[PDB]
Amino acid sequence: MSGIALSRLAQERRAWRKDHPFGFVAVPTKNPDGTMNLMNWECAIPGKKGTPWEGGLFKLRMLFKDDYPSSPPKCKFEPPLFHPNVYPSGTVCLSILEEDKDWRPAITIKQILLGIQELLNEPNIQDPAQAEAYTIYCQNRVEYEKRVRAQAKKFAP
């Protein structure tokens, strides 16, 4: 009965191909037998123009559960990103990605990726998900700038 999840994901994929935000990527993976696996998407988020993230294209995996769209997907950067609100594991911590908070079934994959893009240059320092990014951000913004710029350069298309 999880076929509800697959029906909605194919619908998301369908819409994405016709109309997706410029510079973004979101492609379902394929099982060993060459068929689509709509439960595991390989995605990429471009840094927003006018920020230190500009020019970088950051790879992110979107893992869906069978109760989707009741539940949000898990979004993990691969590799894990240097960012205050990204766990060491690469999992993005954002309210719209939490079933108990701001998530709701209507939210599209497009909105998810746009949300994470917004997060990149607007971190929540009061509630960090990792220690490294928080520390550098608070003690040395010059070093933070360098790290972000370097990170974006490393992940340029």
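Each residue number is its position in the shown sequence, starting from 1.
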116-124 versus 87-95: which one carries the higher mean Cα B factor per the record?
-> 87-95
On average, which has the higher Cα B-factor in the deposited entry, 36-44 or 55-63?
-> 36-44
Entry-reported Cα temperature factor of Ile109, expressed as the chain third it lands in = middle
The third of the chain into which the C-alpha temperature factor of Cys138 falls is the lowest
The third of the chain into which the C-alpha temperature factor of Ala15 falls is the middle
